[PDB]
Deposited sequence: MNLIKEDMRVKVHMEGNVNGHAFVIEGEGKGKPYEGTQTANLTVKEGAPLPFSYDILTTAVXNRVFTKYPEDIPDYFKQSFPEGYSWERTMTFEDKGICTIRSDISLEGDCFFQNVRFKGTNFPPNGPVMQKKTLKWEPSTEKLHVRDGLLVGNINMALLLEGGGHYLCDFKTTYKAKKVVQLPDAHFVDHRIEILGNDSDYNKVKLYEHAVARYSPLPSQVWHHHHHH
């Protein structure tokens, strides 16, 4: 069903500090390898007056390397697929709320995303476009009320040095009954590989790998 090589289609409709935008993307990835690349084009709202980086994580946990001893919530969901809802809570009170529907037609995932950012300060790094990138991250995942929940301490590296912090909560919800995993981790690294001056054109990449703690337990448990 989910092949070694798969395609990606992204539509994103958004609004940040009252600024409306539409982004379209096409990409490819290796689902079992947890890697993918996408090419993003701004259809509306150009030139974006805010940091592109707030958008990149909204552009699919199907692209995560899962070891055999951890049930794969996301690959198991197909062909029905899944959706997710995320809150991005920034340390200066900027907040983003995102919802995405992940469907599959043929070899291509369609990712229909709704993005809203509000309350970013005019002098802050988002509106002044002072971010360089996201640090790589570790997402902690558990089951809460029957759904899969991920939490992350994210940090955007800033021009002139230093970090601008963001707390990520995502709730992932399969559209069919999938086998649920114990608490685990996903290591991430998201990166813009290339862009034009205005970020109207962007080449984006993510690598993600699921795992347990690498440290052995000292106490036997069932």
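Problem set entry | Deposited positions without coordinates, collected into consecutive stretches in sequence order | Unmodelled stretches: 1-2, 62, 226-229.
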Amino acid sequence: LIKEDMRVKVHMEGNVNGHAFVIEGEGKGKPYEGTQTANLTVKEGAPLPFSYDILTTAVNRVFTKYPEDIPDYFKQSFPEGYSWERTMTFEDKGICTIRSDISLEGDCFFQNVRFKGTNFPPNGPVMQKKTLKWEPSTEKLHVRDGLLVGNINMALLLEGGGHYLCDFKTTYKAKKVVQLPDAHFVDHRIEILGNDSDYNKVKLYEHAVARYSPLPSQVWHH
From here on, numbers count along this sequence of modelled residues.
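Exercise. Is the mean CA B factor in the deposited entry higher across 82-90 or across 99-107?
Worked result: For C-alpha atoms only, the mean B-factor is higher in 99-107.
Exercise. Which has the higher mean CA temperature factor in the PDB entry, 183-191 or 64-72?
Worked result: Averaging CA B-factors over each stretch, the winner is 64-72.
Problem set entry | Selection by C-alpha B-factor (highest) of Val177, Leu157, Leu55, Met154 | Within the set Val177, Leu157, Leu55, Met154, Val177 shows the top C-alpha B-factor.
For this session: Tell me, lowest, middle or highest third: where does the Cα B factor of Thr41 rank within its chain?
Result: According to the entry, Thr41 has a C-alpha B-factor in the chain's middle third.
Exercise. C-alpha B factor of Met12, ranked within the chain: lowest, middle or highest third?
Worked result: Highest third, going by the recorded CA B-factors of the chain.
Problem set entry | Position of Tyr32 among the chain's modelled residues by C-alpha B-factor, lowest, middle or highest third | As the PDB entry reports it, the C-alpha B-factor of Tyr32 lands in the highest third of its chain.
Exercise. Relative to the other modelled residues in the chain, which third contains the C-alpha temperature factor of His207: lowest, middle or highest?
Worked result: Tercile = middle for this residue's CA B-factor.
Problem set entry | Position of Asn119 among the chain's modelled residues by C-alpha B-factor, lowest, middle or highest third | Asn119: CA B-factor falls in the middle third of its chain.
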